[PDB]
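In: Just dropping in an experimental structure and the matching sequence.
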Amino acid sequence: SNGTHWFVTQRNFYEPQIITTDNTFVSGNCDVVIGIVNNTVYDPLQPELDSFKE
Amino acid sequence: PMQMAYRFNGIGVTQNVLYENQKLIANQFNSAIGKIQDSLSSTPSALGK
């Protein structure tokens, strides 16, 4: 994070990215991980469908 | 705790193992490293070379 917007980036070169659903994998709930924070992800498969269908 | 997640990634174990077992893994490291001091004291033939 840079203070306001969270980003995911590679390890040896700064290149921030928007955290979509394909940039991460899910394992379990969020009450056991120490230091987990709250945020939301912007998936690219829902509003692509919402733009055409609605 | 972020470093050990990067080191399970080398041996083909995903990051979800460490954070789901952070307390238990730390106890294993704590107890094993305490045995080393007792191991050298008990056996004097370790420092042979």
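Out: Received it, and whenever you're ready, just let me know what you need. Numbers count the residues shown, from 1 in each chain, chains lettered A, B, ... in the order given.

In: Just give the number of residues close to residue B:25.
Out: Residue B:25 has 16 neighbouring residues, counting by other C-beta atoms under 10 Å in any protein chain shown. Yep, even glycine has a C-beta here, placed from its N, CA and C like the rest.

In: so it sits right up against residue B:18, yeah?
Out: Yes - taking contacts as C-beta atoms under 8 Å, residue B:25 lies within contact range of residue B:18: 6.4 Å.

In: What is the three-state secondary structure of whatever residue of chain A ends up closest to chain B?
Out: As assessed by C-beta to the nearest C-beta, chain B sits closest to residue A:27 within chain A, at 3.9 Å. Following DSSP: H, G, I helix; E, B strand; the rest coil, we place residue A:27 in the coil state.

In: check contacts around it.
Out: B:14, B:16, B:20 (C-beta atoms under 8 Å, 6 or more residues apart in numbering or on different chains).
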